[PDB]
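**Q** first portion of the complex, with coordinates as positioned in the assembly:
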Amino acid sequence: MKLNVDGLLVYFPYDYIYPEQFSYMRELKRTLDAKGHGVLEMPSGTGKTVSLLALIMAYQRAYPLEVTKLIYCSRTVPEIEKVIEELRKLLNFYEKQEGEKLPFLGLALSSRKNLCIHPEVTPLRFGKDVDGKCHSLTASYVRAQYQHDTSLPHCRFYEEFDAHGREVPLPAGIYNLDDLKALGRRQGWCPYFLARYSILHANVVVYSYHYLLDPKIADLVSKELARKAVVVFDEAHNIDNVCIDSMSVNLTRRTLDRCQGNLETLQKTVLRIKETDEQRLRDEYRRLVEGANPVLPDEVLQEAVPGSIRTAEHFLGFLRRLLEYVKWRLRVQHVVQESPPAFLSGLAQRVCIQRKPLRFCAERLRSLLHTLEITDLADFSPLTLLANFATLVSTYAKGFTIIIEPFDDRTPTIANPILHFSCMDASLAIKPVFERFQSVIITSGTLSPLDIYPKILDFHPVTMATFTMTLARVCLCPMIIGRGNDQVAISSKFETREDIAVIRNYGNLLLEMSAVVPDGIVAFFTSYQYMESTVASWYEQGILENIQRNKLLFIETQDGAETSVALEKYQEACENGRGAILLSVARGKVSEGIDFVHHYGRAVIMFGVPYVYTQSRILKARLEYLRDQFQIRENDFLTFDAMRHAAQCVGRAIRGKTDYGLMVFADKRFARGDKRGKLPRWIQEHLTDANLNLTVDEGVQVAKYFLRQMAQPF
Amino acid sequence: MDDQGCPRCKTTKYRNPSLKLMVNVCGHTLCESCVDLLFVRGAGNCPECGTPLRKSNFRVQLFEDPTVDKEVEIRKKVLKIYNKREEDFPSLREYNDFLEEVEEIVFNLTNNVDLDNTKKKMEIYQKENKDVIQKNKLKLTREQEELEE
């Protein structure tokens, strides 16, 4: 299937493409031709990936100099595996068409924890542990000692890679993570480091955001080599939250105590080092005078001189001083306090800690800790976190804020206070991506309206188009139910949350919808506490028992183990005729991680508009700062945060292969024009005024009829 | 306030955290109910150590670490010296070399004999007090006032 695109001719593996695919390809080619960053939305979970990859490959063939390589990022490794599968299929199709191999390379990066071949680190699954063990095995000290070949466990894979892969790079091919593990085992090399080196000469590289956003690890692999590369973020509508998380650092009392203990161990190790080997490790002082990774981005990062902290004892005392200041500032009992610049000024005044020497604290920590030949960085990781916070605060506070919480939420009195350093704007941390890369395409599904995104992230988009899925059959038939059998408002307002009548309306709607809907249904609440309250009310009444009789019921919990077990049983229930009703939370990690396909989550129920609690002070900074700068109304951003989240958690049923399914929102708020307008275009256009505010019974009847229509073949 | 208590009357913490540590030349934890002790007999002598104090050597502090108390006080005194701004020296190394010597002086004063430090500080006094100490001391108020607003 060769498509004569306006720009050029583009190959395509599958037989047919919908008109939305034509529109997507033409808009994407327009953006690439303009060589300017832009954002676009595509409904389908799958199909957009193949269209995007094919268009990028064809554009690379036409103008190889224009684009050096493609950097395609996905939320999670399980998801990016499907992307690499799609890319492998596309490459096989293109190779068959051409008749021969071409110099094209495509690979996926992942954590050493996820992929590695060392038996010692295999049993351990904790990422910091894998990082520390690998650092110990690959340490420059361990490498030098391996040169001596003394009796000591040395990781042969990295040494063999240094010997061989450095000389010879991999010719070409596509390697999934699992297949790359096998390749590393066969060749006695690192599946991780081999891909890391191939990044220098790779046409396509795929990895999650935290491999491309956080300055600590993103920069090293996203160096200026890709000066003009097509960087693409997929389903990255929750990009602001992850970009903020890449900067926010949380300091707790327990973490601070662990830091103090680690610092004591550091002092003891320094004394032992002084008595054992002093001159050779002192040479570090000379190289320092000449002049865990830094959190400072490219331009913000500075390397002039370490500062007044030039020796191990001096640096240790500096950390003692700063840790004492943080300890006391956290121990203070008072209302939540915000102080971005005032915190730095007060630190400098109270404990005599100048911001410039504080700036290089984390970098000097890395160097000095390397000198100590520690067993691993896992033990001292809390200290490195505190050092990263210490350097960040002295680095900048223009678009940041230090929040102190002596008392935690959900606890009238708790002896574990927490100090947050949550960011307020993601533009600060995502600026390097936009500036360095010629064009970035934020391709997303279920995207709340694009107009806000340029305001939140400071960039000038080239194209702003919303693509609506078009099929010969109406795959999706969304509806909103606001009126119950009692013709009573069913809005899940904070003041209306306690309403037993509203809870009863929700329960009855779920009962009837489970009675009619086939096997497999997922209901998303607004919070764990609200979900528990509704479940308890239904349990006190007989509605819950009737729902249990009609279909099996499963519930989500904060604990990941129970969540995984419940979802595993839910899948088997969906396969069998019992069916299942999975209650979950919109913010739950399960909602974002899981993907619902044919005969999975057939009818997506949304109980109440997803709104975060109006007491969490972090969101207060994040929100009022957006009001002050970029001029976004607080209500506007709040409703946007609700609609984007709801679209994320309701857009799964249309994953791909044209699998029918209905999305019912049991809240009259969605019927409001603003919510509908902010809803994604593809869902909204299907939505109509006739079914906009169906009663519970009317919605049930129309759902039954729509399921009848979708049951029959094409 | 998280400390279990004063080494002798460690009662006074599980009493309540209103009281604050009292810094002394001994760098030595104390509480006000114990400051009444130290006044009432001895009048400026550490209970265990017996370190003499001129007038009670008492000032309010809220840092549980006695080493941090001594280090912070010594740094407060030292900052009065070597307060010249960085831009006064065009040399790249000299920006932080003098700060290195300053912190070395602080660590020296914390534990080792301060006689050499005092003699050196007299040497630096005779030169700095003329211009640099006065100028930076006067400019401190100006810069602090501008920074506060």
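**A** Cool, got the structure. Numbering: from 1, shown residues only, chains lettered A, B, ... in the order given.

**Q** please make it C-alpha for all contacts and neighbour counts, starting now.
**A** Will do.

**Q** chain neighbours aside, what residue packs nearest to the residue in the stretch 101-250 of chain A that chain B sits nearest to?
**A** Using CA to the nearest CA, the single residue of the stretch 101-250 of chain A nearest to chain B is residue A:250, 20.9 Å away. In space, and not counting its chain neighbours, residue A:250 is closest to residue A:420: 4.7 Å by CA to CA, 6 or more residues apart in numbering or on different chains.

**Q** what do you get for residue A:178?
**A** For residue A:178, the spatially nearest residue (CA to CA, 6+ apart) is residue A:115, at 7.6 Å.

**Q** can you pull out the strands in the stretch 451-600 of chain A?
**A** With strands called from DSSP state E, counting those that start in this stretch, the stretch 451-600 of chain A shows them at A:464-466, A:479-483, A:521-525, A:552-555, A:580-585.

**Q** ok, now chain B?
**A** With DSSP state E as the criterion, chain B has strands at B:21-23, B:59-61.

**Q** show me the contact partners of the first one.
**A** Residues from elsewhere that reach strand B:21-23 (CA atoms under 8 Å, 6 or more residues apart in numbering or on different chains): B:29-32, B:57-64, B:66, B:69-70.

**Q** max pairwise distance over these: which two?
**A** The most widely separated members of the contacts of strand B:21-23 are B:32 and B:70, with 18.6 Å between them, by CA to CA.

**Q** neighbour count winner among the two?
**A** Higher neighbour count among residue B:32 and residue B:70: residue B:70, with 21 against 15, using other CA atoms under 10 Å in any protein chain shown.

**Q** the more buried one reaches residue B:110, doesn't it?
**A** Yes: using CA atoms under 8 Å, residue B:70 makes contact with residue B:110 at a distance of 6.9 Å.

**Q** show me which residues of chain A sit near chain B.
**A** A:289, A:307-310, A:314, A:320-321, A:324-325, A:328, A:351-352 (CA under 8 Å from any CA of the partner chain).

**Q** in CSV, list those residues along with secondary structure and distance to residue A:195.
**A** Below are the residues of chain A next to chain B laid out as CSV (DSSP: H, G, I helix; E, B strand; the rest coil; distance: CA to CA, whole Å):
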residue, secondary structure, distance to residue A:195
A:289, helix, 35
A:307, coil, 37
A:308, coil, 39
A:309, coil, 37
A:310, coil, 37
A:314, helix, 40
A:320, helix, 40
A:321, helix, 42
A:324, helix, 43
A:325, helix, 43
A:328, helix, 46
A:351, helix, 46
A:352, coil, 46
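
**Q** of these, buried ones?
**A** A:289, A:307-310, A:314, A:320-321, A:324-325, A:351-352 (16 or more other CA atoms under 10 Å in any protein chain shown).

**Q** of these, closest to residue B:135?
**A** The shortest approach to residue B:135 among these belongs to residue A:352, at 19.8 Å (CA to CA).

**Q** got the contact list for the closest one?
**A** By CA under 8 Å, 6+ apart, residue A:352 lies in contact with B:72, B:75-76.

**Q** tell me the most packed of these, by neighbour count.
**A** Most surrounded of the contacts of residue A:352: other CA under 10 Å gives residue B:75, at 21 neighbours.

**Q** dump the residue contacts of the closest residue to it other than its chain neighbours.
**A** Of all residues not flanking residue B:75 in the chain, residue B:106 sits nearest, at 6.2 Å (CA to CA, 6+ apart). Contacts of residue B:106 were listed using CA under 8 Å, 6+ apart, and they are B:71, B:74-75, B:78.

**Q** got the residues of chain B near chain A?
**A** Checking chain B against chain A by CA under 8 Å from any CA, the hits are B:62-63, B:65, B:68, B:72, B:75-76, B:93, B:96-97, B:99-100, B:103-104.

**Q** just the ones of the residues you listed in helices?
**A** Using DSSP state H, the members of those that fall in helices are B:68, B:72, B:75-76, B:96-97, B:99-100, B:103-104.

**Q** and chain C, same structure:
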Amino acid sequence: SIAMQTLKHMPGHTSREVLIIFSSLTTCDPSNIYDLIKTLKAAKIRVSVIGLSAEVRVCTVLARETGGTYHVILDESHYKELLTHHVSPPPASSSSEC
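**A** Chain C added:
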């Protein structure tokens, strides 16, 4: 299982067929039905479900794997058509033997 017990001893030449008029989408069974699907395929018993007001996934896989056809009632008139269509003998496939 009842149908399989009765049809197991039936002659090989005749075509064993089952038409499940499924009404309630739920299926509470003592044992997993996917295992029974294997025995049904081994016994070459055609099973063609006719669902009512539901596109049941387990019955979809049952029909397509066992060789039968799956349908859902659009209305009473279409129900008449479905059953009248099922009246006629089904074509013999490769697994079928005469």
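
**Q** ok, what's across the strand from the residue nearest the centre of chain C?
**A** The residue lying closest to the centre of chain C (CA atoms, centre = their mean) is residue C:47, at 1.8 Å. Residue C:47 has these beta-bridge partners by DSSP bridges: residue C:18.

**Q** surely it and residue C:66 touch.
**A** Yes: assessed by CA under 8 Å, residue C:47 is found in contact with residue C:66 at 6.2 Å.

**Q** return the residues of chain A in contact with chain C.
**A** Counting by CA under 8 Å from any CA, chain A sits next to chain C at A:516-519, A:550-551, A:574-579, A:599, A:704, A:707-709, A:711-712.

**Q** what subset of the residues you listed is buried?
**A** For the residues of chain A next to chain C, a neighbour count by 16+ other CA under 10 Å gives the buried set as A:516-519, A:550-551, A:574-579, A:599, A:704, A:707-709, A:711.

**Q** phi, psi for the closest residue to chain A within chain C please.
**A** Residue nearest to chain A within chain C: residue C:27 (4.7 Å; CA to the nearest CA). Main-chain dihedrals, residue C:27, degrees, to the nearest 10: phi -150, psi 90.

**Q** show me what contacts the nearest residue to it once chain neighbours are set aside?
**A** Of all residues not flanking residue C:27 in the chain, residue A:577 sits nearest, at 4.7 Å (CA to CA, 6+ apart). Contacts for residue A:577 (CA under 8 Å, 6+ apart) come out as A:519, C:25-28, C:56-58.

**Q** these in helices, which ones?
**A** Per DSSP H, the subset of the contacts of residue A:577 in helices is C:57-58.

**Q** what is the nearest of the contacts of residue A:577 to chain B?
**A** residue A:519 (56.3 Å).

**Q** what's the nearest residue to that closest one if we skip its chain neighbours?
**A** residue A:579 (3.9 Å).

**Q** so what's that neighbour up against?
**A** Contacts of residue A:579 (CA under 8 Å, 6+ apart): A:518-521, A:551-552, A:570, A:573, C:26.

**Q** nearest to chain B among those?
**A** Closest to chain B, out of all of the contacts of residue A:579 and judged by CA to the nearest CA, is residue A:570, at 47.8 Å.

**Q** partners of the closest residue to the closest one other than its chain neighbours in the sheet?
**A** Spatial nearest neighbour of residue A:570, excluding adjacent residues (CA to CA, 6+ apart): residue A:580 at 6.0 Å. With DSSP bridges applied, residue A:580 shows beta-bridge pairing to residue A:552.

**Q** so residue A:580 touches residue A:569, yeah?
**A** No: in this structure residue A:580 lies outside contact range of residue A:569 using CA under 8 Å: 9.0 Å.

**Q** between those two, which is the more surrounded one?
**A** Using other CA under 10 Å as the criterion, residue A:580 and residue A:569 rank with residue A:580 on top: 29 against 13.

**Q** strands of chain C, residue ranges please.
**A** Applying DSSP E to chain C gives strands spanning C:17-18, C:21-22, C:46-47, C:50-51, C:71-72.

**Q** before we move on, back to that, quick one: which of the buried ones among the residues of chain A next to chain C sit in helices?
**A** Using DSSP H, these in helices are A:516, A:550, A:574-575, A:704, A:707-709, A:711.

**Q** isn't residue C:66 up against residue C:45?
**A** Yes: between residue C:66 and residue C:45 there is a contact at 7.4 Å, judged by CA under 8 Å.

**Q** can you count the residues close to residue B:132?
**A** Neighbour number of residue B:132 under other CA under 10 Å is 18.

**Q** ok, the closest residue to it other than its chain neighbours - contacts?
**A** Distances taken as CA to CA, 6+ apart place residue B:84 nearest to residue B:132, at 6.1 Å, with adjacent residues excluded. Going by CA under 8 Å, 6+ apart, residue B:84 touches B:132-133, B:136.
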